[PDB]
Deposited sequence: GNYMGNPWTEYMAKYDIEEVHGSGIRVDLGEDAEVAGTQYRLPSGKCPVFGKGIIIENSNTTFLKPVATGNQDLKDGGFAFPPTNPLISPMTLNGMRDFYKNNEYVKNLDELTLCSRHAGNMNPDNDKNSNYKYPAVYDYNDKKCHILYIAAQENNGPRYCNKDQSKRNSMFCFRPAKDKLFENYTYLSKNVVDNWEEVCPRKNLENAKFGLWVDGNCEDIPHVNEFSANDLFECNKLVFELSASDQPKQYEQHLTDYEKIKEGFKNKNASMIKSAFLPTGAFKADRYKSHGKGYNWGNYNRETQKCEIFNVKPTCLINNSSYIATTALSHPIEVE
């Protein structure tokens, strides 16, 4: 296969290795209790969190003081010295003596800066995820690592939210603690214009044999759909029902926000509907869940993935 090196970055199980829609691929202890947290190795271009039934956007600081959780955002609260949000130039200055950090690209640097803040002032491997906003070149550490809480049961005083690609998020990038320093080389970013993903068989690039066709008005809408259907580390819809009726809603909110591990069955390890061939002429997003291993030249197509930016082409 002459395509092996080129296509390696589309083997999302291998190169990313965790959920994309919801990335909760590892667990880590904080003060001796385990919590779920993001672990994907690739940046997720254009992902943010929509907070339902609230005007607050998710990069606002988590609620502190007398603020209710449902009225705040996900980000680090203000500190002294102020370490989140921090501009790219601010991070480079902060780490100017550390040759191992100060020249990282913006996304890895933001991931490493978030991973610098140990919540165990006394010991821990828990490392917050982060969002880098390309519009104002700011790294936001996310204090809340949850990404979806939107089931029918409570979604109220309830903090309800879901991950999405959205025009409002197109310059955001969702970063776990594990984002690799060479993601430009090994992870998707650009959509591939005039190209269709295929499978290499016996010296020829064949079509993906089974795809799931979702209509989509443009590439952005196709990327949004692939993201919605992609690898995910928690169920989209969570006698066990009788026992759920004894749970308290406010306690449940807290569990859904901080994610105490007290479920590897849920981990995708990157398996899912991570790819789509967008036919711009028929307005079909042809979505599939097996890794592609070659490209077909076809001027009607753009090849996208759940990790890819929703607009940029090459």
ask   = In sequence order, what intervals of the deposited sequence carry no C-alpha positions?
value = 1-5, 129, 162-168, 252-257, 282-284
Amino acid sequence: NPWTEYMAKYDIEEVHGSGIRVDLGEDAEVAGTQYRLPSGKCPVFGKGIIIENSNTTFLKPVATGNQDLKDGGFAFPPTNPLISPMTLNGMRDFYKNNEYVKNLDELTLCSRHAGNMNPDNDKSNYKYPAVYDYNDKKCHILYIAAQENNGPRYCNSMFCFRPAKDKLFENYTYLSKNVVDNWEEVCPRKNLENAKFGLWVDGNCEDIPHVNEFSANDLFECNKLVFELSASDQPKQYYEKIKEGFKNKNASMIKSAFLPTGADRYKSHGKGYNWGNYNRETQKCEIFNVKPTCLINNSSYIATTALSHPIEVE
From here on, numbers count along this sequence of modelled residues.
ask   = If you average the CA temperature factors over each stretch, which comes out higher, 285-293 or 245-253?
value = 245-253
ask   = Per the PDB record, is the mean Cα temperature factor higher over 144-152 or over 92-100?
value = 144-152
query = For the listed 232, 191, 215, 118, which has the peak Cα B-factor recorded in the PDB entry?
reply = 118
key: Out of 37, 49, 42, 63, highest CA B-factor residue   = 63
remark   = Of the three thirds of Cα B-factor ranks in this chain, residue 132 occupies the lowest
inquiry  = Looking at the temperature factor on the CA atom of residue 74, which third of the chain's modelled residues does it land in?
reply    = middle
ask   = Mind checking which third residue 236 falls in for C-alpha B-factor across the chain?
value = highest
ask   = What third of the chain, by the recorded C-alpha B-factor, contains residue 162?
value = middle
inquiry  = Looking at the temperature factor on the CA atom of residue 200, which third of the chain's modelled residues does it land in?
reply    = highest
